[PDB]
Amino acid sequence: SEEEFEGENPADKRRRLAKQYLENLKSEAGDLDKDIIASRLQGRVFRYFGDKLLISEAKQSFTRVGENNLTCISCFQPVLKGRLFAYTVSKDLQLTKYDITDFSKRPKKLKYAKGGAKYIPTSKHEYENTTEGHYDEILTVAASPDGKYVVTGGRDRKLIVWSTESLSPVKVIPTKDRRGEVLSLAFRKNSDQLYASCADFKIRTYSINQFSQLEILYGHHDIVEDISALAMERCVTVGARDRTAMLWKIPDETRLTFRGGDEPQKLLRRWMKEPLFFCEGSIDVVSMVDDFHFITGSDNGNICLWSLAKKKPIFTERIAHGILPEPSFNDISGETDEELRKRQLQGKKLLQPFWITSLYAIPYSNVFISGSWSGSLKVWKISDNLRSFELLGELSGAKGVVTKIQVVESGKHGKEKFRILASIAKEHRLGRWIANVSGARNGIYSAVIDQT
Amino acid sequence: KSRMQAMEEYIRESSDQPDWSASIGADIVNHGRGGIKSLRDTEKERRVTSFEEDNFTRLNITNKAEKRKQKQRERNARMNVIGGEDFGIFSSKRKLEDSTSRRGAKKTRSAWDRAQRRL
Amino acid sequence: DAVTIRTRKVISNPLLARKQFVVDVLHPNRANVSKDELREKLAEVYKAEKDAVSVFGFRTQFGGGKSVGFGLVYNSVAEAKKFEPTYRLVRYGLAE
Amino acid sequence: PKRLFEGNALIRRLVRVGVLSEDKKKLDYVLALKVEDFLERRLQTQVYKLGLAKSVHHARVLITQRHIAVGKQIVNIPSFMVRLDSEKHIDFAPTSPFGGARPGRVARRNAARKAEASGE
RNA sequence: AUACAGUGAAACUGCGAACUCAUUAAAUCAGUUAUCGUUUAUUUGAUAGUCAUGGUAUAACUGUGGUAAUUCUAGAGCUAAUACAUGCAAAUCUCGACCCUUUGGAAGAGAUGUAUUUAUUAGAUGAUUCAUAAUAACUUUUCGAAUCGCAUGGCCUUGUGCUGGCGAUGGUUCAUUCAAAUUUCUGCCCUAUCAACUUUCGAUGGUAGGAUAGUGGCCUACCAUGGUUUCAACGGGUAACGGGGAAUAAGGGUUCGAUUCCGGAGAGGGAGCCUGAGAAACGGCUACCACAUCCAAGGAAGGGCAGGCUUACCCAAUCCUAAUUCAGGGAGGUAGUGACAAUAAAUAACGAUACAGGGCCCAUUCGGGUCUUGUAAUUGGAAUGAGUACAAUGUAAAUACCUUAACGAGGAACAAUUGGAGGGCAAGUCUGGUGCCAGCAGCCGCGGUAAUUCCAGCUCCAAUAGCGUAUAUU
RNA sequence: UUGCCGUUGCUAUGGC
């Protein structure tokens, strides 16, 4: 054995011995019964419309909003009086309700609720934090699929459930932790169940109709920025600097962990065998294409397509939105000599890419939209073999930081009309790190796309 | 019988398939006294829960089997398992080459068999 | 404060005419849930009577918060009488 | 093969326990491991290092009085070994008065006595 | 309920009732056959034509009595059966001349249970004297429903005629299933300080018989003579509490667990017998032998196991046995007394103030080194485990576990031990002296026991729910 | 369509 295979490297010996081990176990090692039991008792992508879409002829309507820094937008669409609604939460502690039903017209504001400094609790003892309003900034909002409730959460460490008709709070739920700020909310589709991702490394599940908390899941090394969930009782969360994506089975309290593990030296070697490679700092946004595939955007611009069966990403589109502009040469140094200023620019090293601030995948479909503060949303199509995606179109209507993207449908099965609403803000919803982006207004950006 | 855990660990590296880890706090035997549940303990507990959920009965602890389990498995978990990872695997005297050897059919004894394998 | 009930593996047995399901009872800030109130809740969910509903075998998780058990819902009260064992009938008070 | 597979296995599980660093993946570094490397993984030491307590004795008192919860469950054993995945999730229990709960019996008796004195 | 009709004691009937002590190496056991060489309670599938209803004999039950007395008894009186005993020519076919008239109607000629024993005669299987069909007989010779509950059936003949459906329990033979008995080959230690064994319960065959459920020297007559082997027949030892991949394993102990078969005999000891589908019965009976018990001294009945140097709850689960869903199971499950080997904690954690000027390390001494240390000082709120205890869960029921409100610390008296080292004290005691010393020591002094607040409870060290001693030993 | 301001329509988008 060893004499026959003496030429092998140590890793080659490990591989062949693993192969022989697996063969030995397969050599050494009721279904109808299970079938007839299951008779007494997960979906792929079914809608393919990437190629049918026309994007350049689609309208672009950007509606200004008086609120500062619109953090999030959540759209309610009825499921077969047929009205389609939206709810926008800002850093000005304001939740605004809009009707988006008429695709031709601009969205129409119905009412608004604004929290203020009067909602600061006097006790501050972490379970007396049951005030009706928000006293700190609201990061995220979700609209219940049945349509009676809208849920707001933010840095005030509480979830407020509001009735949609009166826009008044029917419930306030403290997170009961000093450290946990609710970053993202995701309703299970066609369900009352809500999954909240908090900054205390937790995912809290609530049943909204009973206003109860089912259980809490503990998984991340860093804060859990974004959570996305389809119809079945499971969810996908992303943490920022642990650089992992986690698929949680809610009833079984188990998780699949996905790690990127990209090496810029390896990419440079691959290109030399065949540019700027930025190593990945944090994963921010996640979306579910179907029950087997999900897509994540990072801060180095990478959009990654992940399957449940593979730990590594299937596909990675690097620097998807672009590279930030070079800093001003007269600003960087402050010396009289322009050649010294150009040297202090230090060439290509100070270039940094755009962060994917928002990313939405239309469920069970090949179209997904990525948004950053480059001044253009991007529409991508997943190929039919589901290994890669390409860029269909670019929507240049919106200018500014794209915090949240939602898509709604109103049409016949032969001909569907899609409205894309992005809550454009001057700043990132988490912090004020991004500076002086040019020509950015707080508002709602709507693109209406009709298939051929 | 021929399954060995160092082999299983290397296979879990070389798969590329995610491995369904549990949550952080659910692994702890009661309040940290027993410790973190080992992977074999979690698999056996999953099998028992599936069995109970299928037959709609929860197993009462048989005296002899329960005494044997509490005498052996708990003592082995305290002695070897350290924070959910067992280290008596290295003190054990079992041999990896007995499992990793071909040992039977397709052992490649013939020179023409080796030539056919090369081809 | 309201308890939450999740039903899994619901199987209909027409020979017994029962509905057999594993019950996950999730109870934050509560010790445990009484079987009578739980029979009320499952009765209202499955639109059968409490006398038709039967539960047993509840095991409470370490740290509380989740009790897992087994539940049988019948279609008729008299049929629940003639199929249910005498000891669970005594527990439920339905029969002497 | 015994050296290959069991050395890789031993190094990986020592890393997951946390006594051995990620960049220290060698058998001679496994040999250079010492007792204090394991003793720093104790929950008493970890609570002190993370700073929930002002000393190791305060940390032991907090653990035995059940304020510290590692992950979901309250751990009340100071000799609980803490892994890499758990050391971030060590925190105060929700039931504990220190994190997000009602004050204990001492504070409640003192508040009730002060209220009775105010009423008197 | 003008036969009984509900529920049913007793009784009859039916079914089931198949621990101890000894150690064998072709014996046992394990497989593997065979039964064209056998037996069947049950299950399952088949199977039977060859009086509108017979006669008793008793129990339970009445009563009269005998005995010291037994589940002991005698006399008289009662009535039941799925108990016991008894017991019933027509119809179906073949050959149908002829008739019409083809299907058809018919002169006529003929045939016709089962079992037992034997003789004789003609479809399966590789194979039969087997299945089956006959013929003449034979039998202390059988079997071929005198039974039961749910329905009140359909005709017209309203006769109260005909016969009407679902089921019980029977019964014949064959098959099946469950077993069992024999049988076949294949396999297990050491040894020649064990070479002849068998006719020394016939040894190897043949014929006939007896016997058995049946083959067979299994037995008996008669007759031949054989059968086994230094390649070890045969014999001895085997710690043979052994071995069997018998057995689930060892889900990372170096070969280890757990389960199953041990093989036989007995149920005060020899012997004979009986009931059943199945026993040479853990049942009963007789005689014999030995114990031993009650008695009114006439008689009567009986058969140990655990302990030292034994209980309670229950058929809920698992499964089995009955006329049977239901009953029952010291099978089986559950619980209790039972540190011992050994476990994871706790016995406090943070502060604040005041006061003091010394604290510690090394070194034979001489000395040297060092620097926020000492205090039986005061004081503040916070935390919670042991516990006390409400519930639900849990289970046949309960305990326990899981969860769990309400209480739960300053002497934290919610009162940790075990060992080691070193002082010091008196109007005190003893001993030796070259004044005033030295030694041994000292719970004992002089008053005082509500009497006295005293080296403040003398200081320091180590292990800690553990910690010493003695002896042996590396 | 905007908290405010400015421009363009009388609707489009520049500034804070």
# chains A, B, ... in the order shown; residues from 1 in each chain; ligands from 1
>>> residues_around(residues="range 39-52 of chain B", least_positions_apart="3", cutoff="12 Å", atoms="only C-alpha atoms (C1' of nucleotides)", output="JSON, numbers by chain")
{"A": [252, 254], "B": [4, 5, 8, 9, 19, 20, 21, 22, 26, 27, 28, 29, 34, 35, 36, 55, 56, 57, 58, 59, 60, 69, 73, 74, 76, 77, 81, 83, 84, 85, 86], "C": [9, 22, 57, 58, 59, 68, 69, 70], "E": [251]}
>>> residues_around(residues="range 75-80 of chain C", least_positions_apart="3", cutoff="12 Å", atoms="only C-alpha atoms (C1' of nucleotides)", output="list in words")
residues 12, 13, 14, 15, 16, 17, 18, 19, 20, 43, 46, 47, 48, 49, 50, 51, 52, 53, 54, 72, 83, 84, 85, 86, 88, 89, 92, 94 and 95 of chain C
>>> residues_around(residues="range 77-81 of chain D", least_positions_apart="5", cutoff="12 Å", atoms="only C-alpha atoms (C1' of nucleotides)", output="PyMOL selection string")
(chain B and resi 28-36+78+81-85) or (chain D and resi 16-19+37-48+56-70+86-87+90) or (chain E and resi 344-346)
>>> interface_residues(of="chain A", to="chain D", cutoff="10 Å", atoms="only C-alpha atoms", output="ChimeraX atom specification")
/A:10-11,13-14,17-18,124-128,175-179,200-202,216-222
>>> interface_residues(of="chain A", to="chain C", cutoff="12 Å", atoms="only C-alpha atoms", output="list in words")
residues 36, 37, 38, 39, 40, 41, 173, 193, 205, 206, 207, 208, 209, 210, 211, 212, 213, 214, 215, 216, 233, 250, 251 and 252 of chain A
>>> closest_atom_pairs(of="chain F", to="chain A", cutoff="7 Å", atoms="only C-alpha atoms (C1' of nucleotides)", output="tab-separated table")
residue	atom	partner	partner_atom	distance
F:1	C1'	A:63	CA	5.0
F:2	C1'	A:64	CA	5.3
F:3	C1'	A:66	CA	5.5
>>> write_last_selection(atoms="N, CA, C and O atoms (P, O5', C5', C4', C3', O3' and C1' of nucleotides)", output="PDB file, in the first residue's frame")
ATOM      1  P     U F   1     -47.887  66.138  -6.156  1.00  0.00           P
ATOM      2  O5'   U F   1     -46.848  66.347  -4.967  1.00  0.00           O
ATOM      3  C5'   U F   1     -46.660  65.339  -3.980  1.00  0.00           C
ATOM      4  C4'   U F   1     -45.370  65.517  -3.213  1.00  0.00           C
ATOM      5  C3'   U F   1     -45.067  66.936  -2.730  1.00  0.00           C
ATOM      6  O3'   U F   1     -44.452  66.868  -1.447  1.00  0.00           O
ATOM      7  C1'   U F   1     -43.282  66.154  -4.063  1.00  0.00           C
ATOM      8  P     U F   2     -45.113  67.621  -0.193  1.00  0.00           P
ATOM      9  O5'   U F   2     -43.865  67.973   0.727  1.00  0.00           O
ATOM     10  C5'   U F   2     -42.891  66.988   1.026  1.00  0.00           C
ATOM     11  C4'   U F   2     -41.535  67.607   1.237  1.00  0.00           C
ATOM     12  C3'   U F   2     -41.502  68.835   2.125  1.00  0.00           C
ATOM     13  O3'   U F   2     -41.516  68.495   3.498  1.00  0.00           O
ATOM     14  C1'   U F   2     -40.159  69.183   0.197  1.00  0.00           C
ATOM     15  P     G F   3     -42.587  69.160   4.488  1.00  0.00           P
ATOM     16  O5'   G F   3     -41.686  70.021   5.476  1.00  0.00           O
ATOM     17  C5'   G F   3     -42.095  70.274   6.809  1.00  0.00           C
ATOM     18  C4'   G F   3     -41.051  71.077   7.536  1.00  0.00           C
ATOM     19  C3'   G F   3     -40.595  72.342   6.827  1.00  0.00           C
ATOM     20  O3'   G F   3     -41.468  73.439   7.034  1.00  0.00           O
ATOM     21  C1'   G F   3     -38.707  71.114   7.509  1.00  0.00           C
TER      22        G F   3
END
>>> select_by_dssp(residues="chain C", states="alpha helix (DSSP H)", output="PyMOL selection string")
chain C and resi 35-46+77-83+86-92
>>> interface_residues(of="chain B", to="chain A", cutoff="6 Å", atoms="only C-alpha atoms", output="list in words")
residues 16, 17, 18, 20, 21, 22, 23, 24, 100 and 102 of chain B
>>> write_last_selection(atoms="C-alpha atoms", output="CSV table (one decimal), in the first residue's frame")
chain,number,residue,atom,x,y,z
B,16,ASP,CA,-17.8,21.8,2.0
B,17,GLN,CA,-21.2,21.0,3.3
B,18,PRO,CA,-22.4,22.9,6.4
B,20,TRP,CA,-26.0,21.9,11.4
B,21,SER,CA,-24.5,23.2,14.6
B,22,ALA,CA,-26.9,23.9,17.5
B,23,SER,CA,-27.4,27.1,19.3
B,24,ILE,CA,-24.9,28.4,21.9
B,100,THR,CA,-8.1,3.3,6.3
B,102,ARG,CA,-8.4,-1.1,1.6
>>> atom_distance(atom1="CA of residue 313 in chain A", atom2="CA of residue 38 in chain B")
29.2 Å
>>> atom_distance(atom1="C1' of residue 217 in chain E", atom2="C1' of residue 182 in chain E")
16.4 Å
>>> select_by_dssp(residues="chain C", states="strand (DSSP E)", output="PyMOL selection string")
chain C and resi 4-13+18-27+53-60+65-74
>>> interface_residues(of="chain C", to="chain D", cutoff="10 Å", atoms="only C-alpha atoms", output="PyMOL selection string")
chain C and resi 29+62-64
>>> closest_residue(among="D:106, D:10, D:27, D:75", to="chain E", atoms="only C-alpha atoms (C1' of nucleotides)")
D:106
